[PDB]
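Values quoted throughout were computed directly from the atomic coordinates according to the rules given, and no laboratory measurement underlies them. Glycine also receives a Cβ, built like all others from the backbone with ideal geometry; neighbour counts cover every protein chain displayed.
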Protein chains: 2
Amino acid sequence: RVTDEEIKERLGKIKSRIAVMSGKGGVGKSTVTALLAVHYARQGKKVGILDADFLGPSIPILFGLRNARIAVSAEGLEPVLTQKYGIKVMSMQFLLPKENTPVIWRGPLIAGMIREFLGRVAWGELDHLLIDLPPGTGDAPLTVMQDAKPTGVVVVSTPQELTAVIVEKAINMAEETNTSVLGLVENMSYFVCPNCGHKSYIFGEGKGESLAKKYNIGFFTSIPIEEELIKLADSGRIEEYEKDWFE
Amino acid sequence: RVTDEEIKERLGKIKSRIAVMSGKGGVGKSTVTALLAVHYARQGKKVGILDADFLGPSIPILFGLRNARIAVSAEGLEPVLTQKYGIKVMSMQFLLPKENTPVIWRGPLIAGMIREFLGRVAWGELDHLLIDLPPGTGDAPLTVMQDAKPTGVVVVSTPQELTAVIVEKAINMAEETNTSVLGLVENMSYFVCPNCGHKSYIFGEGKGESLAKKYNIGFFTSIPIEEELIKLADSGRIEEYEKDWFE
Ligand SMILES: [Zn+2]
């Protein structure tokens, strides 16, 4: 039911709309979206995250949102605040609160909701809204990126699913939506040993910095492989992760 | 068109029909299937692998089968021999040989083919036939496992996607097809540093040996994380991998 003029009126209140994408794999996409959100929240900024990933609700898992209940006020759908930084969150998972396990939704029962979440949710005047797009460069992340009309785009890949085609493909999509790639994050680019500190490229060297230099992306960072990170992300305590790779 | 009496007549010629499965992820399932096949081939046994994974043709990638061409003789569909051990291989990918990139097929256009590959392919008197099932414990791997009527089942998981439910679920499926779980392989259970040799459980400790002890699985092995393995598997040279974790 929601219309463009309604979505535009809502989103306009948001100063920054950063969409996060990745190749078909999408490995680390969501975790990177939370880490980014936590980066800004910890800076004293008002952060909000929208879940648009058809393939399982990662975000609500990373933040341990088991409560997952949707409420509605005069301003619209009420987002669930994160337990530690009060980051606003909206996910498909919240539609069935009494479910203790993640449930994959249908196909068309997503495209519409994402639009309704973009315009009928009370995000408020938060200055940063991260949209966790569904993995891949297909039409799924294209429609979401269009309705969201981001103010910037961030690409998340790995030493294996990171090529100049995935990036150029993201460079096109960014223009096909009056936006642009602002950053590139290479996930699990390497592993630093906790005993002697030696570096190992388990998945190989992603050479993510080269591509960031090729198309001169304004920002680039390589997050490493860490027993802790993975351990916290799975137990839904990413907010407790005491490391900031975006700084 | 193929019928049960035709599939049974073919498979009967095969002494061992080992089906390989895993949780929704299926991470390492295929690579483990090749490593196993290479284990037997290197032992001087006649090995054959059937590709039944709806989600991308891993096997033909692991063995670098770019040629990927299907031929037909008086005995039926001719399998493609591996470049080094002459392991017979049949995959959906071989239907479109002139394609230099893997293409994901539809849904119903798979269930039928797998049956046709099980009975109209010239496997011969090979004593080991490994079926690479599609990931998960859903109906997809159920129908394949029924037509294949394996003589044994192997479960492949990781320190995160390895639970007593996935295994018990595999214990049921095995009985629902007059078969049984013969082994359990834990993939990427740990990483051994090449500098000081210290062990790290990046994805956590899978405790795969505990489960193998719980339901007393006859076989269990933990394959580690290795820069080489991954590097060879991606470049389609798993046959050159000089390590045998099944012994
Ligand atoms: Zn070390």
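Listing for the model above:
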{"quantity": "Considering only the protein assembly as shown, percent of DSSP beta bridges that pair antiparallel, nearest 5", "calculated": "20 percent"}
{"quantity": "Segment B:66-202 - charge dipole about Cα centre, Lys and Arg +1 at Cβ, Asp and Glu -1, debye rounded to 20", "calculated": "520 debye"}
{"quantity": "Separation of the B:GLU209 and B:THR101 label points, Cα + 7 Å toward Cβ, nm", "calculated": "4.5 nm"}
{"quantity": "Selection of GluC sites (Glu not before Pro), segment B:208-244, meeting DSSP coil and at most 10 other Cβ within 10 Å", "calculated": "B:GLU242"}
{"quantity": "Span from the segment B:155-213 Cα centroid across to the segment A:104-177 one, whole angstrom", "calculated": "35 Å"}
{"quantity": "Dipole in debye (nearest 20) - chain A, about Cα centre, beta carbon charges: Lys, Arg +1; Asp, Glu -1", "calculated": "240 debye"}
{"quantity": "Teacher prompt: A:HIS198 distances to equivalent labels in other copies, 7 Å Cα→Cβ, nm", "calculated": "1.1"}
{"quantity": "Projected label distance in nm at A:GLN83 and B:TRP245, using a 7 Å step from Cα toward the beta-carbon", "calculated": "3.3 nm"}
{"quantity": "Under-5 Å amide H pairs with B:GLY152, H placed in peptide plane, nonlocal only", "calculated": "B:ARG17, B:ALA19, B:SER180"}
{"quantity": "Cβ-vector label at 7 Å, B:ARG1, separations to other copies in nm", "calculated": "5.6"}
{"quantity": "Additional length obtainable on full extension of the chain from A:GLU227 to A:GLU176, 0.36 nm per residue less Cα span", "calculated": "14.5 nm"}
{"quantity": "Principal axis dimensions, the protein assembly as shown - Cα atoms, whole angstrom, descending", "calculated": "71, 55, 47"}
{"quantity": "For B:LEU184, distant residues with modelled amide H under 5 Å away", "calculated": "B:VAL155, B:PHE219, B:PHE220, B:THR221"}
{"quantity": "Size of segment A:68-215 as Cα extents on the principal axes (Å, biggest first)", "calculated": "53, 42, 32"}
{"quantity": "Note, ³J(HN,Hα) from phi for segment B:108-123, Karplus 6.51, -1.76, 1.60, rounded to Hz, x at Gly and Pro", "calculated": "x, 6, 10, 3, x, 4, 4, 5, 5, 6, 6, x, 9, 9, 8, 6"}
{"quantity": "Residues whose placed amide H lies under 5 Å from that of B:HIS198, excluding near-sequence neighbours", "calculated": "B:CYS193"}
{"quantity": "Segment A:170-242: chymotrypsin sites (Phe, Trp or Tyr not before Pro) falling in loop per DSSP and having at most 14 other Cβ within 10 Å", "calculated": "A:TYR215"}
{"quantity": "The protein assembly as shown - mean residue ellipticity at 222 nm from DSSP helices (-39,500 (n - 2.57) per run, n ≥ 4, rounded to 500)", "calculated": "-8500 deg cm²/dmol"}
{"quantity": "Where trypsin sites (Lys or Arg not before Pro) fall in DSSP loop in segment B:6-82, at most 13 other Cβ within 10 Å", "calculated": "B:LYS13, B:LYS15, B:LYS24, B:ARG66, B:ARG69"}
{"quantity": "Per principal axis, descending, Cα span of chain A in whole Å", "calculated": "56, 37, 35"}
{"quantity": "Total charge dipole magnitude, the protein assembly as shown, about the Cα centre, Cβ charges on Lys, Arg, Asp, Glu only, Debye to nearest 20", "calculated": "200 debye"}
{"quantity": "Nearest-first distances (nm) between copies at A:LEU95, label 7 Å from Cα via Cβ", "calculated": "3.2"}
{"quantity": "Karplus (6.51, -1.76, 1.60) ³J(HN,Hα), θ = phi - 60°, over segment B:155-165, in Hz, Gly and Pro reported as x", "calculated": "9, 10, 9, 9, x, 10, 9, 9, 10, 5, 7"}
{"quantity": "Phi to ³J(HN,Hα) by Karplus 6.51 cos²θ - 1.76 cosθ + 1.60 over segment B:126-137, Hz, x for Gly, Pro", "calculated": "5, 8, 8, 10, 9, 9, 8, 6, x, x, x, 10"}
